[PDB]
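For reference, the structure is listed below as structure tokens.
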Amino acid sequence: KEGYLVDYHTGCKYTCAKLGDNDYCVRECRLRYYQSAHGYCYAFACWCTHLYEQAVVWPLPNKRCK
């Protein structure tokens with residue numbers, strides 16, 4: 001499973017270096033979910049990958065950047 005990185009209360013994106021320069025992005029994904037998560041910087045913003053069924057993202061109730 002895959003999903004865009006967003007905060008549960010701030011509703012905002014998490015920006016990073018181009019695509020595969022994912023060194024900051026993987027460290028968010030593996031602390032947001034289980035440590036077995038992964039990700040990359042799709043359009044210079046973090047996109048988590050190799051995820052379980054318990055990842056959700058867009059079905060959140062608000063998710064607009066405060």
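Virtual Cβ from ideal backbone geometry, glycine too; neighbours counted across all protein chains shown. All of the numbers you see were taken from the coordinates with simple rules; none came from a lab.
Return the residues of the stretch 12-45 that are touching a residue at least 40 places away in the same chain (Cβ under 8 Å), surrounded by 14 or more Cβ atoms within 10 Å (Cβ to Cβ) and either in contact with an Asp or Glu (Cβ under 6 Å, 6 or more places away or on another chain) or not in a strand (DSSP E or B) (or both); say none if nothing qualifies.
Start the filter on the stretch 12-45 by keeping residues that are touching a residue at least 40 places away in the same chain (Cβ under 8 Å), which leaves 12-13, 45.
Still in the list and also surrounded by 14 or more Cβ atoms within 10 Å (Cβ to Cβ): 13, 45.
Selection gives 13 alone.
Looking at the stretch 1-11, which of the residues that are in a loop (DSSP other than H, G, I, E, B) and out of contact with any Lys or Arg (no Cβ under 9 Å at 6 or more places or on another chain) is surrounded by the most Cβ atoms within 10 Å (Cβ to Cβ)? Working first, answer last.
Of the residues in the stretch 1-11, the ones in a loop (DSSP other than H, G, I, E, B) are 1-2, 5-11.
Of the ones still in play, those that are also out of contact with any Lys or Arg (no Cβ under 9 Å at 6 or more places or on another chain) are 1-2.
Numbers: 1: 12, 2: 14.
Per the criteria, the residue is 2.
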